[PDB]
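Fold and geometry: a report
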Amino acid sequence: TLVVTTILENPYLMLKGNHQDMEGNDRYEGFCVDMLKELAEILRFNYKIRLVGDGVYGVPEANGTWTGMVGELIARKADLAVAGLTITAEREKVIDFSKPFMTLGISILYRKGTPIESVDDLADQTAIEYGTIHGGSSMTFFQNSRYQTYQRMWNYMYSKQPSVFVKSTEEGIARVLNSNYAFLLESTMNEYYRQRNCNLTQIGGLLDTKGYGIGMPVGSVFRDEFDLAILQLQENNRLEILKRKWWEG
Ligand SMILES: C=C(C)[C@H]1CN[C@H](C(=O)O)[C@H]1CC(=O)O
């Protein structure tokens, strides 16, 4: 029985409408749940879904401790982390990842009727505030960039009061709809919320290209076979079908 650490995040992992009449794994739906099922049909493992204790994906502390689902993996509190867990060079030093099961990049979200046409335009004006989830992969992309536009954006987000950071994707989307705030978020989420809210638009293109991956502790015995199953899923178009099931509505 594999212990899977995860987090509530639309549409990867959600509580079913009538989740109180459910127990254990069957409380939950979504793309990651459907992916787990298909992976489990090939590889024949049982698993139990457990929501990350601290409610975070993963941030390094200055002393070397990781938080979030990354930390749970290093502590061996979970065998797998199944979420929109962005594969980055910093995380790769401290855990293993499967091959990627979805592609994405940093994107900008805003409410319609705007003359903001790009990330350089966004960074070069004062009227519209902008920001991201604190401690996520997108934040650290600006924080460590050598490019001046992104450096200027880091300096702004860092210093602005009141804070331009949000604690969740839900919090950011709400800030977009209700205030003059453009949200720095992964394109997967951008596509999702745009399809459910005709008022939302994308500013410019994608700022990078990345992957989500199943997180595992470093040296995990399960990595090889999960890579073999993900490839079979990829080559049978399963990951794409599932993405359409959860995104296109
Ligand atoms: C906090 C969330 C929603 C996660 C999801 N992927 C990124 C990560 O795994 O860090 C984070 C989002 C972002 O950085 O824009």
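Residues numbered from 1 in each chain as written, not as in the entry; some residues may be left out. Heavy atoms only, no water.

In the PDB archive, X-ray crystallography is given as the structure determination method for this entry, at a resolution of 2.05 Å.

**Looking at the sheet that holds strand β10 (residues 181-186)**
The condition is simple: Strands qualify as paired when DSSP identifies two bridges or more between them. The helix and strand labels rest on DSSP assignments: H or I over at least four residues marks a helix, E over at least two residues marks a strand, and numbering proceeds from the N terminus. Axis lines are fitted to C-alpha atoms, over the contacting stretch for helices. Their N-to-C directions set the angle, which ranges from 0 to 180 degrees. Contacts: residue pairs with any heavy atoms within 4.5 Å of one another.
Pairing is mixed across the open sheet formed by four strands, whose spatial order is β9-β10-β8-β11. Edge positions in the sheet fall to β9 (129-132) and β11 (200-202), since each has one partner strand and no second. In this sheet, neighbouring strand axes are inclined to one another by 30° on average, regardless of whether the strands run parallel or antiparallel. Looking at chain direction, strand β8 (residues 106-111) and β10 are connected through four bridges and run antiparallel. Each residue of the ladder has a partner; that of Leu-109, found in β10, is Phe-183. Strand contacts of helix α6 (residues 148-159): β9 and β10, with the helix running at about 90° to β9, the strand carrying the most contacts.

**Considerations on the layout of surface pockets**
Put simply, the rule reads: Only protein atoms enter the 1 Å grid used here, on which a cavity is any set of points holding a 1.4 Å probe that cannot leave and a pocket is any open set flanked by protein within 12 Å on both sides along at least five of seven lines; residues with an atom within 4 Å of a point are listed as lining. Grid points are joined across faces, edges and corners, and a volume is the space filled by probe spheres set on the points. Each residue receives one of three labels: charged for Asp, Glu, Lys and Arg, nonpolar for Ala, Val, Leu, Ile, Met, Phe, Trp, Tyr, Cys and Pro, and polar for the others, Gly being one of them. Boundaries between domains were set according to an automatic or database domain assignment.
Reported here for the largest pocket is a volume of approximately 630 Å³. Around the largest pocket, the lining is made up of 34 residues, and of these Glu-9, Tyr-57, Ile-133, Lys-167 and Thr-169 lie nearest the centre. Listed by contribution, the elements that provide at least two residues to the lining of the largest pocket are β2 (14-15), α5 (137-143), α7 (169-178), β10 and α8 (187-195). Among the elements that take part in the lining of the largest pocket, β10 stands out by supplying four residues, more than any other. Class assignment for the residues of the lining of the largest pocket results in 16 nonpolar, 13 polar and five charged. Taken domain by domain, the lining of the largest pocket gets at least three of its residues from each of domain 1 (1-104 + 210-249) and domain 2 (105-209). As a volume, the second largest pocket reaches approximately 180 Å³. Lining of the second largest pocket is provided by 14 residues; of these, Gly-58, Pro-60, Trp-66, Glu-90 and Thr-140 occupy positions nearest its centre.

**Some remarks on the packing of aromatic side chains**
Rule in force here: Two aromatic rings from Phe, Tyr or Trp, using only the six-membered ring of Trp, form a pair when their centres are within 6.5 Å; if the ring planes differ by under 30 degrees the pair is stacked, by over 60 it is edge-to-face, and anything between is tilted. In this scheme, a residue with accessible area under 20% of its type's maximum is buried, one over 50% is exposed, and one in between is partly exposed, where area comes from a 1.4 Å probe on protein chains only. Working rule: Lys NZ or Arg CZ, within 6 Å of ring centre, within 35 degrees of ring normal, means a charge sits over the ring.
If you walk through the whole model with that rule in mind, you get 17 aromatic pairs. Ring geometry for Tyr-12 versus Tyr-212: centroids 5.6 Å apart, planes at 85°, classification edge-to-face. Taken together, the residues span a long stretch of sequence, with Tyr-12 in the loop between β1 (2-6) and β2 and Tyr-212 in strand β12 (residues 210-212) at a distance of 200 residues. Each member of the pair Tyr-12 and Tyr-212 is classed as buried. Consider the rings of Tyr-192 and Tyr-193, whose centres lie 4.9 Å apart with planes at 90°: the pair is edge-to-face. Overall, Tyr-193 belongs to the buried group, its relative accessible area being 7%. Grouping aromatic residues by their ring pairs yields a cluster made of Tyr-12, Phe-31, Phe-101, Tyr-192, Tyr-193, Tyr-212 and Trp-247. Above the ring of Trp-247, the side-chain terminus of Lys-243 is found at 5.4 Å from the ring centroid.

**Quick word on the pattern of salt bridges**
To keep things clear, this is the line we draw: Note on definitions: salt bridges are taken to be side-chain nitrogens of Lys or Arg within 4 Å of carboxyl oxygens of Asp or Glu.
Applying the stated rule across the entire model yields ten salt bridges. Put simply, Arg-152 and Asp-124 hold a salt bridge, and the shortest N to O gap is 2.7 Å. On the criterion of sequence distance, the pair formed by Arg-152 in helix α6 and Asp-124 in the loop between α4 (119-123) and β9 is long-range, its members being 28 residues apart. Look at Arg-152 and you get partly exposed, because its relative accessible area is 42%.

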